[PDB]
Structures are given as C-alpha cells and as structure tokens.
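Engineer: Right, I'll just put the structure down here and ask away after.
Ideal geometry is used to build each Cβ from the backbone, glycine not excepted, and the neighbour counts take in all protein chains shown. Any read-out appearing in this document is the output of simple, stated calculations on the displayed coordinates, not a laboratory observation.
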Amino acid sequence: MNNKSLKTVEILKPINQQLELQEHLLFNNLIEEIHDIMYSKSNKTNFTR
Amino acid sequence: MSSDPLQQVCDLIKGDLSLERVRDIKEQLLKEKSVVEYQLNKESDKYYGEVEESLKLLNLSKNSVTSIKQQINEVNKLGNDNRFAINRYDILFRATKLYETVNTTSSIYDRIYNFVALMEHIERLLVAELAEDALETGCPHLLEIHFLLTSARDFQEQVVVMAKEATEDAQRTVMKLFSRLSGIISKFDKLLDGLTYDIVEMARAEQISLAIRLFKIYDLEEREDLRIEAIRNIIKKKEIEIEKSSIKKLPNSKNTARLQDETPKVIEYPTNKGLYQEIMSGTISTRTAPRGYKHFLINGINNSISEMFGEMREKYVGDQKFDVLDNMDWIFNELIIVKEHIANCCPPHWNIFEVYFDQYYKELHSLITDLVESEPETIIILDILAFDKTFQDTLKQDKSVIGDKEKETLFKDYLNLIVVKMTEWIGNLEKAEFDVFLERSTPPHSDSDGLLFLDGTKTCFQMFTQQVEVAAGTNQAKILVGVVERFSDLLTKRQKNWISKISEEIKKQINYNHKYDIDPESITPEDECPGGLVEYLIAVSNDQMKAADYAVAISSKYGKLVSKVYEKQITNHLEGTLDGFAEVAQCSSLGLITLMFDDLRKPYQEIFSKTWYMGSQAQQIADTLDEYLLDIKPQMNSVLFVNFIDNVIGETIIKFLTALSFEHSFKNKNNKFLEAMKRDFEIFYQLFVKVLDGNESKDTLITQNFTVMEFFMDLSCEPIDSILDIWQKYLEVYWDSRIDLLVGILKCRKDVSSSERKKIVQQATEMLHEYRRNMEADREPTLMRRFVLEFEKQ
C-alpha cells in the first residue's frame, strides 16, 4: 500500500524482504527435496523408513 | 500523499529506519491529533447543538407556529361563527336604522361649526391666554390644550377637512371655512401661540413648577397625541399603502390609474377609502389631530430655546475673548434644570432630556468658533474651551460640554508661539551670557570651587519649565514632545553657539595669554582677557548638568501620564543630551587644555633641543601645568573632569612630543636627551601624579600614555637593535601614530642611519600595515591620532 518509495526505511526494507523470500524458497525446496524422498529417510537423511 | 510524503519528511526527521524515534514521532502525531480532536470534539459538539436547536425550533415553529397561524385558523375561524348571528336582537335595525341617524350629524356640525367659529374666536384670546405667565397662560393645560381640543374639534376643519374631501356637499368645508377662520387657525395657532408661548414660557428660568407642568403637559398630550394622530394619517397612507396599494397596486388593475393613483397611490380617495384608516370606524377617530406643534413640532424650539438661548448667549466677540460658554453653559445649566424639570412635568414630549445635549451643541459649536483662528487670546485659546470641555463635562453627565475639534490646531498655535518665543528667549539668553563671559575678572553665580551655575540658563531652566506647563498641563503628544524636541533643535542651536562664542572665549584667553607671557605681538581687540577661563567654561558644563537637572530630571520627573511610547518620544531628545551635557565640554575643555598651555609655549618646542636636555624647561612645563591642575582640580565638574585630565595627560604628552621633526641629532650621545627621557621622566611623572590627587587616576588615566612614554623612550633614545621592538610594542598599542614617526626620529638622529631605517623602519612598516590587517583587524586614534610625522625617501 504505502509506496514509499523511498528510503527512509522503505526502501531498504525490501532487499531483505525479497532475498528473505528466495531464502524461503531455498529452505522450502530444501525440505521438499529432503524427504522427497530424493534423499531417503523419514527426513532427508535421518533414516527411519 | 502530498502531506504524507511531507509527513514522510517529518518522520524522516527521525533518521531513515528509526523505529524508537518513529514510535516517539508517532506519539507526537498522537499529541497533535489529541488536541485537534479535543477542540474539534467540543467545537463539533457546539455546532451539533446549534443544529439541534436549529431543527428543534424549525420543528417547534413549523408545527407550533403552523398552529399559531392555524391557531388563528382556530380562533380566527371561530371569528367567523357569529358573523350574522350575534347580540341576540335587532342588530340589523341597530346597524341600519339606529346607525342611520349616525349618518345624521347635521345640527352638531351647525352648532359646533358655528360654536367652533364664535367660541374659538373667543378661544383666540381665552384659550390663547398669555400676558405673561400666571402659570404659563394661565394654565396652558387648560388654556393651550383647550385650544388643542378646540383645534381637535376644529380638526374636523383641519385634519377631517382632509377627510371630508367632497363627501356629500360643497359648503361643508366652504361655509364652515369662514367658520374655521376663527375656528381652526384661531384654535390651532391659539394652541401654537399657547405652545410657542408655552415652551417659550417654559424657557423662562423656573419655568415653572406649575407653568411648565400645565404648559408642557399640553405639549406632551397634544404632542404625542399629534404624533399618533399624524402617525395614524401616515399610517393611513401606510395602512392604505398596506391596503389600497394591495388593491390598486394589487397588481391586477393593471394600468393603474390616471391620475388619482401613482400619484397618490396609495392614499387613495377620502371619505372613506382615503380617510377611514384615520377616521371612523375608527375608535379614535379624526385621527385627533391636535395639536401638530404643541411640542410634536415644538419640542425642537425648547431644546433650541436653550440651544437658541445658549447659542444666543455666545455674544460673539467673546466679551472678554472666550466668555461665550460662560453664559452659554449657564444656559446649559438652565438646560439641565429646564430639561429635568420638564421631564418632571411632561413624560411624552416637551424637552424630556434633549435640552442638555442640545446645549452641548450650543457650547460645542459655540466654543469651536470663539477661538477658531487666532482671533481670541492665543495663549489662552485651548485652555478656555478645553476647560469648558472637561469642566462642562464634569458639570453634567460628561454631558452639556464644549466639544471643540479645534483644540489641536490651537495646539499648533501653541507650538508656533512657544517655539518661536523660545528662539527669541534663547538667542537673548545666549548673547547675554557670552557677553558676560568675556569680562574675565569676575565669575558667575558664586561658589569658590568653580561649580558656578548661570543666569540666563536659569531662565531657560525655570522659565522654560514654566513654558511647558501648557505642554504637560494638557499632556500633548504634539507639544510636550514637539515644543520639547523642536526645543531640542533649539538646544542644538544653543550648543552650536556655545561652540561658537566659547571658542571665542578660547581665542580670548589665547591672545590674553599672548598679552601675559607669550610674546605680546598678537593683540586683538576683544581678547583683553587674563587667566580665569576655568570658572567660565566649567560654569557652562555645570549648567549643562543643570540642564540635566531641569531638562533630564524634570523630564522624567513629571511626564508619567502617557504610555512610555510618548514619554519616550520626550525622552529621545532631553536625556540622551547627557552626552550633549559634556559635548560643549568636548569643545570648551579642550580649549582649557590649550589654555593651561598658552603662557608656556617657550619650553613647548625647546624640548628636543639642547636647552631642555639639561635645563629647567621640564620644570616650567611639568610644575606650571601641575599647578594649572592644582586650581582647575577644585573647580571642575566631574564628567568634564575625567575626560579632561585624561586629555591633559594625552595632549600634554603630545605637547611633550612636539619637536620630533626639528632634526636635532639626539643626545643619547652623552645621555642629555636620554636623561631628558629619564630624569625628566621623574619630572614628567608628578605632572600625572600631583595633577591627580583625591582620586586614583594618577596613573590610571596615565597608563595608556606611559605606553607612549616608555615605548617612545625605546623609540628616540635607544640605538639600532633596540628600535625594532620599539615599533613592535609601540605598534601593539599605538598604530595611530604610524611608522614614519621613527623616520622623524631618524631625522633627529645621525648614528642610526637611513639604510638601517630601511630595514628596521620599512620591515617595521610591513609590521605596521600587515599587523593592521592582522591585529587591528591595535587600538584607537588617541593623543597620537594624526601625529604621523613626515617621512623622507624611506
């Protein structure tokens, strides 16, 4: 809504926003391809079958 | 938003990411919205309640006033109930048979038009009674109001002659018109001979407790009765303008008429379309119309009988010069007594209270003409009419007074009088004083220690203090400033003349000292003038300080009944003059310093030659000028004195540094000049410290000049490698006497050469000007101000 546009704090909030979002796609496909079971465990690699 | 990005700047006045200061900035916004909603809260509430009473009374009068004109539907439609029913009897034979004889007023018009002829011919003397009062007619409520009702019975021939305008016959106002010659104008003018002689009888100094009672009672009875009567005829043209101009000017005629309407729409046709709005029925019903000028048009002759007796009591001369308001305001006292006596007599009319303010038009307009130009006593012009303004105010409600509006222009006449008078006064006082001061064997007003006051300046003191008694006496922002500040321009002409003729006192002691001990080939006519200028010029500075006494001290002493703005407008040009009260001392007392000197110019340039080097020239200068400040010292005003002896040590050191360009080669060779800078330094020390006793200025107003003493000892005694720092330190205090003095010091010296003058004195010249960019950006011009001695080719 508030655009804002620009610094003060927004922008230079949105960097950590969008890169935190690609960080959550990183951890997201990490746990997705963990027990995909493209690595096999109950988890990725902590084997419980 | 266009506010929010600006608010993003206001919160961007916290940093950029400033969450703590963003929180506090939000608390600031909460304070702003907080108070804005406190005032918007209560303001919105007051507006809401205004809408509440607004719609509450639009309600309450829509409904209740719709049931007030519809309560006039209730009670006025109840009026239509008994229209042809009421009074339970033959009302048809009461309004058409018994009221047929109401259209039979013949014999009453014959014996009352005939008796109105004969008996008002008798009432042309009986009801027109006079000669002289005998209670104003006698008894004009019997007499003059008997002529009013006799003129109200002849208002059938005066006012209902304008109602009976071709009613049924031709001789109703023709054969009765000769019955109205002794009938109407022998009753209406009988009430106007009794009314003009009633109010004129009420203009007779008592006037009286029964004469103005009866007479004014007739002049309120027929006055207010005449007012509602001709107000009923003007409301017959306004009730016909309400009525017949709702009929003829409906508009549905629609021509309208030619030519009995527009004009006279709406009057509109007498008996009865133009009459019955002042005639029957009509429970009045004539209208009256007595008496027209009982005091309905004759109360103006009562307040104009004290305002024509008052305006008549001017006697425009003014019988001394301004005695118009004496008898005129006496008729204003008789206007208050006749006014309140007549309101005690008559409530409705006949001079209730307007005689007082009408007599204030008599005293106001009277006092605004007796001194209009300067034809009255110009010195007593505004004091008279202003004294009757405030006093004749205080003699009433404050209000049979004399409003003038010519006060201030007469105060411009007091400006021209007191200012040009004080030009004459001040000029004679000056030239008298200065021609006394050239008689130098006797001083002015006695005291043996030179604190003499003066004589014509005392006439300025006390007598100009008496000149401003009208200034402060009327408290003018145009005289108590204007005579005072234009008088301060006259004081500038004064101190210019103290500069002029006190400079002639200076010349008088200059050539009188030439006659005394200074080579008498100088003698002038007006300068036969021995020692004694001391008491004269200090007597001048003494009444500079006594011009501070009455000018300054009387100035802030009395002027305290305006604001400090106007008081300040006075204060700008009498009390900064304290500096002016030694500014003559800026011109007189420096003359004193040269006239301590002018018996002694033989050692004043034999210094720096060989006679003073081992001799008694220092004895003459230091000891003789020491005694010369051992007789001015008891005799001198203080503000003159500190600046004086200050400028004695200074001017006496530059008369001690006179001969630096005579080019005598310095006797630091065998120390003869050098002892003249050292041993004579002991002799030229008690010229600073026995001159000064009773105070501790002996070196305090001499230290600044021990600078040029000891550094000049470094300048003119000392050799090559000790005149550098002479100009270093002597530059660090006195750059007013510039570097080229050393050139003259090296004009007076062979054994420090000219190339040494190039290095020392020209690199020291660069010290002078580059230090003037460095350290002067040293102190002021002083004793050594413009004694920059002549320089050779560097």
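Engineer: For the range B:329-382, what are the residues that are in a helix (DSSP H, G or I), of a type in the set (D, E, K, R) and buried (at least 17 other Cβ atoms within 10 Å of the Cβ)?
Structural biologist: B:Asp329, B:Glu334, B:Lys339, B:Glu354, B:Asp358, B:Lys362, B:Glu363
Engineer: Kindly indicate which of A:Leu30, A:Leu12, A:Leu25 is within 14 Å of chain B (Cβ to nearest Cβ) and surrounded by 10 or more Cβ atoms within 10 Å (Cβ to Cβ).
Structural biologist: Working: A:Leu30 fails: within 14 Å of chain B (Cβ to nearest Cβ); A:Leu25 fails: within 14 Å of chain B (Cβ to nearest Cβ).
Only one candidate qualifies: A:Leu12.
Engineer: Can you go through B:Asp404, B:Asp358 and tell me which one is among the acidic types (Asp, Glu) and farther than 30 Å from B:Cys139 by Cβ?
Structural biologist: B:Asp404
Engineer: Please go through the range B:680-715 and give me each residue that is among the polar types (S, T, N, Q), more than 13 Å from B:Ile653 (Cβ to Cβ) and surrounded by 17 or more Cβ atoms within 10 Å (Cβ to Cβ), ordered by number.
Structural biologist: B:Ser697, the sole residue that qualifies.
Engineer: Looking at B:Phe597, B:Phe608 in this structure, which one is at positive phi and crowded, with 21+ Cβ neighbours inside 10 Å?
Structural biologist: B:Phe608
Engineer: Residues to consider are B:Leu742, B:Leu731, B:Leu783, B:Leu789; find the one that is surrounded by 14 or more Cβ atoms within 10 Å (Cβ to Cβ), within 60 Å of the chain's Cα centre (by Cα) and part of a helix (DSSP H, G or I).
Structural biologist: On inspection, the qualifying residue turns out to be B:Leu731.
Engineer: What residue, of B:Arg204, B:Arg180, B:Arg223, is part of a helix (DSSP H, G or I) and closer than 20 Å to B:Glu354 by Cβ?
Structural biologist: Exactly one of B:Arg204, B:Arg180, B:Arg223 is part of a helix (DSSP H, G or I) and closer than 20 Å to B:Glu354 by Cβ, namely B:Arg223.
Engineer: Scan the range B:510-527 and tell me whether some residue there is basic (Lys, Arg) and either outside any helix (DSSP H, G or I) or over 15 Å from B:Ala582 (Cα atoms) (or both).
Structural biologist: yes
Each row is one residue, and each column tells you yes or no for (1) in contact with a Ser or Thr (Cβ under 8 Å, 6 or more places away or on another chain); (2) surrounded by fewer than 11 Cβ atoms within 10 Å (Cβ to Cβ); (3) within 14 Å of another protein chain (Cβ to nearest Cβ).
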| site | (1), (2), (3) |
| --- | --- |
| B:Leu17 | yes, no, yes |
| B:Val22 | no, no, yes |
| B:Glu37 | no, no, no |
| B:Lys42 | no, yes, no |
| B:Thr101 | no, yes, no |
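Engineer: Here is a follow-up. Can you find, within the range B:244-279, the residue that is farthest from B:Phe147 (Cα to Cα) among those that are within 58 Å of the chain's Cα centre (by Cα) and of a type in the set (D, E, K, R)?
Structural biologist: This residue is B:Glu262.
Engineer: Show the residue pairs meeting these rules: Cβ distance below 8 Å; 6+ apart or different chains; first residue within the range B:253-266 and small (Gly, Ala, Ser); second residue assigned to a loop (DSSP other than H, G, I, E, B).
Structural biologist: B:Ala257/B:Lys248; B:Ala257/B:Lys265
Engineer: So, in the range B:745-761, of the ones that are in a helix (DSSP H, G or I) and hydrophobic (A, V, I, L, M, F, W, C), which residue ends up nearest to B:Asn670 (Cα to Cα)?
Structural biologist: At the first step, the residues of the range B:745-761 found to be in a helix (DSSP H, G or I) are B:745, B:754-761.
In the following step, the residues that additionally are hydrophobic (A, V, I, L, M, F, W, C) were identified as B:745, B:760-761.
On the way: B:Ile745: 17, B:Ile760: 24, B:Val761: 25 Å.
Among those that are in a helix (DSSP H, G or I) and hydrophobic (A, V, I, L, M, F, W, C), it is B:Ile745.
Engineer: Give me the pairs, please: first residue somewhere in the range B:198-211 and closer than 18 Å to B:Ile145 by Cβ, second residue anywhere and basic (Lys, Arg), beta-carbon distance under 8 Å, and either six or more positions apart or on two chains.
Structural biologist: B:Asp198/B:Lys216; B:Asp198/B:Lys294; B:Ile199/B:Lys216; B:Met202/B:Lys216; B:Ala211/B:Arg204
Engineer: Does B:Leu12 satisfy being of a type outside the set (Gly, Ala, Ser) and away from every other protein chain (no Cβ under 12 Å)?
Structural biologist: no
Engineer: Further, regarding this structure: Could you check the range B:648-658 and list, in sequence order, the residues that are buried (at least 19 other Cβ atoms within 10 Å of the Cβ) and not hydroxyl-bearing (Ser, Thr, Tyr)?
Structural biologist: Start the filter on the range B:648-658 by keeping residues that are buried (at least 19 other Cβ atoms within 10 Å of the Cβ), which leaves B:648-650, B:652-653, B:655-657.
Across the range B:648-658, the qualifying residues are B:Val648, B:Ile649, B:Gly650, B:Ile653, B:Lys655, B:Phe656, B:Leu657.
Engineer: All but one of (1) in a helix (DSSP H, G or I); (2) at positive phi hold for B:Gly292; state the number of the condition that does not hold.
Structural biologist: With (1) in a helix (DSSP H, G or I); (2) at positive phi applied to B:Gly292, the lone miss is (1).
Engineer: Okay, moving on. Hey, any hits in the range B:26-35 for a residue that's away from chain A (no Cβ under 14 Å) and of a type in the set (S, T, N, Q)?
Structural biologist: Yes, because at least one residue in the range B:26-35 is away from chain A (no Cβ under 14 Å) and of a type in the set (S, T, N, Q).
Engineer: Determine if the range B:248-260 includes at least one residue that is more than 30 Å from B:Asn299 (Cβ to Cβ) and part of a helix (DSSP H, G or I).
Structural biologist: no
Engineer: Taking only the range B:371-400 into account, find how many residues are of a type in the set (D, E, K, R), touching a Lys or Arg at 6+ places or on another chain (Cβ under 9 Å) and under 17 Å from B:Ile331 (Cα atoms). Quick ask: steps written out before the conclusion?
Structural biologist: Filtering the range B:371-400 down to residues of a type in the set (D, E, K, R) leaves B:373, B:375, B:377, B:383, B:388-389, B:393, B:396, B:398-399.
Next, only the ones that are touching a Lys or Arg at 6+ places or on another chain (Cβ under 9 Å) stay: B:375, B:377, B:389, B:393.
Cutting the leftovers down to under 17 Å from B:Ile331 (Cα atoms) gives us B:389, B:393.
Selection size over the range B:371-400: 2.
Engineer: Here's a follow-up. In the range B:478-494, what residues are part of a helix (DSSP H, G or I), surrounded by fewer than 20 Cβ atoms within 10 Å (Cβ to Cβ) and of a type in the set (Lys, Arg)?
Structural biologist: Within the range B:478-494, B:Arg486, B:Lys493 qualify.
Engineer: Next question, about the same structure. For B:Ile570, which of the numbered conditions (1) under 28 Å from the mean Cα position of the chain (by Cα); (2) in a loop (DSSP other than H, G, I, E, B); (3) buried (at least 21 other Cβ atoms within 10 Å of the Cβ); (4) not aromatic (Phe, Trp, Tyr) fails to hold?
Structural biologist: For B:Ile570, the exception is condition (2).
Engineer: Taking helices (runs of 4 or more DSSP H) that do not extend beyond the range B:1-101, which have at least 1 residues that are touching a helix residue (DSSP H, G or I) at 6+ places or on another chain (Cβ under 6 Å)?
Structural biologist: B:4-11, B:19-69
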